[PDB]
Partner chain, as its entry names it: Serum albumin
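Given next, in structure tokens, is a single chain: the form deposited without the partner chain.
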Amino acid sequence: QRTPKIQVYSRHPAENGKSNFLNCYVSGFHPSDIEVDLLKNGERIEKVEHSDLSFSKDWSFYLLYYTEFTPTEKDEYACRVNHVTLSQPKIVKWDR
């Protein structure tokens, strides 16, 4: 089994008050079942979409989870990942 790598970032350079996309890219993991939530101030964002499951040359899987958003200075964002390799969910904050 292989544990997921996690990157949290935006589609475009972030500017407060401008619509963007918040991305959580999970990769390098095996097997393929995985739980990913995007969080705003600690609460789960509803209706997040994701890419179709594919894999890299070393057979590990990758997925992109994403949602439209408008960043502000107050709001904190994060991605929360659970996988069989993880005792408890891992939370990675969006480094603005």
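Residue numbers count along the first chain shown, from 1.
- On average the C-alpha atoms of 67-75 have higher B-factors than those of the other stretch, with 47-55 and 67-75 being the two compared.
- Averaged over Cα atoms, the B-factor as recorded in the entry is higher for 29-37 than for the other of 29-37 and 58-66.
- Residue-level temperature factors show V84 in the middle third of its chain, judged at the C-alpha atom.
FYI, the form solved in complex with the partner chain isn't displayed, but the following is about it.
- Residues of 12-36 placing a heavy atom within 4.5 Å of the partner chain in the entry with it bound, in sequence order: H12, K18, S19, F21.
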